[PDB]
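Below you'll find the structure, written out as structure tokens, and then a few comments.
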Amino acid sequence: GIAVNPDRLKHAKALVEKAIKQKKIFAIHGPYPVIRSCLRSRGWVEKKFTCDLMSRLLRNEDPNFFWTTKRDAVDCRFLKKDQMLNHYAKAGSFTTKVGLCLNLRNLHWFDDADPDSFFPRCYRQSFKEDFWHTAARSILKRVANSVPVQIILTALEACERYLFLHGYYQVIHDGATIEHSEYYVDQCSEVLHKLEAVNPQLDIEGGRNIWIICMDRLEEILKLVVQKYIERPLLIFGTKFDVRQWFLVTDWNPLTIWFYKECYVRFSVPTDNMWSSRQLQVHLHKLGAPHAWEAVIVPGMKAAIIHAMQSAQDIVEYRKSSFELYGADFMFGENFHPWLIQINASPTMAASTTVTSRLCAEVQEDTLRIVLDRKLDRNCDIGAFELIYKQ
């Protein structure tokens, strides 16, 4: 004989009626046990897209809150204005490489910030011209640190004008030398020191002129969006890495952006190939760079996110009761300056590792603090989230 709760219908009926009256009905499409538990602890009741009974009783009731993996799960054209959804109608052009490239090209319409200071230069003749000058700067670097001396002559002339390829490929790839290059160590160092002031990508761009399917030869690539490859990124243990930074948009007018003050590193070296935001800060201190995190990295990531949002033009209409969590990928230069690689809609909440299990659970709970709890108390705790922009 198995036990049966004699109050299961009594309790189910009472809790459903209360939830309907208080508009605390939710539905989930996807594996989000954290959202479920967080909402239930807030007194919410679930309607399927004890608990099974209450769902039956909600047969003719519309949910007040939808949490889904993909935006296609709910055609939000037909929601009532008050029904909440964790997606906007469209992801946003910035969630594509081409879109982000096209948007930041017109950043000057919205802010004086130079997009080259946080986004590796991209192209959809200006490309060839840049490839030429990248090769020119590469020679100055190579010399400052067999083809004729003329290769240096044109290179210095080009950089002096801004302020050949056959030889460059031979010097960079073939391993050729440059005649009388010892006479130009000081000239090249001089110009490069000057270029470093007016060219934020001077260091990270490297010297091999690699672009992004990656190609370092102009002819072959031109034969077939093109972005400059970050050849000289910050390395931790000789291995490349990036940072997954979360942010939340809850309104597009005023543009309202919440910044999560916790993130994690992904290694291309722990077994799970990842680090907490806390571990990275310790490593930076070990590098003797106590300024990098607070003064350079975090402010830089915030700015890049804001610039990416405010330069988005493809967003016409949006539901006030909709919101969306985005994931931004950043790499870093040796000077710890962040570089925006891409932006993703609905980042993974998979408990893949010990680091993500904690952070994904927390950002989900903290998201609910913003989209729900703040409606009841404007001064309530919103966890590790921070408002960084409201215009």
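When a residue number appears, it is its place in the shown sequence, counting from 1. Computation of the quantities below employed the complete heavy-atom set of this structure, encompassing side-chain atoms and omitting hydrogens, waters and symmetry-equivalent molecules.
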- Message: Under the criterion side chain to side chain contact (heavy atoms under 4.5 Å, CB included), I'd like the reasoning laid out for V296 against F332: C-alpha separation, chi angles, the key distance, then a yes or no.
- Response: CA-CA 10 Å; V296 182; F332 305 87; over 6 Å; no
Would you say the side-chain atoms of [X] pair up with the backbone N or O of [Y], donor to acceptor, closer than 3.5 Å?
| X | Y | answer |
| --- | --- | --- |
| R374 | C380 | yes |
| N64 | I25 | yes |
| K228 | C122 | no |
| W258 | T256 | no |
| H283 | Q279 | no |
| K141 | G206 | yes |
| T367 | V363 | yes |
| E231 | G207 | yes |
| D366 | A384 | yes |
| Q83 | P63 | yes |

salt_bridge([X], [Y]) N-O dist < 4.0 Å:
| X | Y | result |
| --- | --- | --- |
| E365 | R42 | yes |
| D242 | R266 | yes |
| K23 | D82 | no |

Locate the shortest heavy-atom distance separating [X] from [Y]; write the atom from each residue and the value.
| X | Y | answer |
| --- | --- | --- |
| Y318 | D251 | OH-OD1, 2.7 Å |
| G333 | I204 | CA-CG2, 3.7 Å |
| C360 | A350 | SG-O, 4.2 Å |
| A361 | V34 | O-CG1, 3.5 Å |
| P338 | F330 | CB-CD2, 4.2 Å |
| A308 | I343 | CB-CD1, 3.5 Å |

Heavy-atom side-chain contact between [X] and [Y] under 4.5 Å:
| X | Y | value |
| --- | --- | --- |
| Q227 | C101 | no |
| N86 | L325 | no |
| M301 | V243 | yes |
| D116 | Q201 | yes |
| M309 | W252 | yes |
| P31 | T69 | yes |
| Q245 | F259 | yes |
| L156 | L140 | yes |

- Message: Checking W293 against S277 for the side chain to side chain contact (heavy atoms under 4.5 Å, CB included) test, could you report, in this order, the C-alpha distance in whole Å, the side-chain angles of both residues, the deciding distance, and whether it holds?
- Response: CA-CA 10 Å; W293 185 248; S277 168; 3.2 Å; yes
Separation between [atom1] of [X] and [atom2] of [Y], rounded to the nearest 0.5 Å:
| X | Y | atom1 | atom2 | result |
| --- | --- | --- | --- | --- |
| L39 | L368 | CG | CG | 5.0 Å |
| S357 | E362 | OG | CD | 10.5 Å |
| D72 | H29 | CG | NE2 | 7.5 Å |
| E334 | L235 | CD | CG | 7.5 Å |
| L53 | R8 | CG | CZ | 5.5 Å |
| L248 | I257 | CG | CD1 | 10.0 Å |

- With a cut-off of 6.0 Å (strictly less than), are more than 12 heavy atoms of other residues, nucleotides or ligands near CD of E386? yes
- Walk me through it: do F241 and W275 pass the test ring-ring contact (aromatic ring centres under 6.0 Å, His included)? CA-CA 10 Å; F241 76 94; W275 271 0; 8.2 Å; no
- Query: According to a 4.5 Å side-chain heavy-atom criterion applied to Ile, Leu, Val, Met, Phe, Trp and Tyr, with indirect links allowed, do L15 and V4 form part of one hydrophobic cluster?
  - Reply: no
Polar contact flag, side-chain donor to acceptor under 3.5 angstrom, [X]-[Y]:
| X | Y | answer |
| --- | --- | --- |
| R71 | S322 | no |
| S93 | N103 | yes |
| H307 | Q310 | yes |
| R40 | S37 | no |

- Using the benzene-type ring in the case of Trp, are the ring centres of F49 and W67 under 6.0 Å apart? no
- Query: What do you reckon, are the aromatic ring centroids of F127 and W211 less than 6.0 Å apart?
  - Reply: yes
Anything under 30° is parallel, anything over 60° is perpendicular, the rest tilted; go ahead and classify [X] against [Y].
| X | Y | result |
| --- | --- | --- |
| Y260 | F385 | perpendicular |
| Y326 | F247 | parallel |
| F323 | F65 | tilted |

- Message: As a quick check of understanding, evaluate side chain to side chain contact (heavy atoms under 4.5 Å, CB included) for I152 and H180, giving each step before the final call.
- Response: CA-CA 9 Å; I152 303 172; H180 312 112; over 6 Å; no
- Go through the steps for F110 and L255 under the test side chain to side chain contact (heavy atoms under 4.5 Å, CB included), then give the verdict. CA-CA 12 Å; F110 311 93; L255 176 57; over 6 Å; no
- Message: Applying salt bridge (charged side-chain N to carboxylate O under 4.0 Å, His left out) to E205 and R137, what does each step give before you reach the verdict?
- Response: CA-CA 10 Å; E205 69 187 8; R137 284 189 305 275; 2.9 Å; yes
- Among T348, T356, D329, find the one that has a side-chain hydrogen bond (donor to acceptor under 3.5 Å, both in side chains) with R244. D329
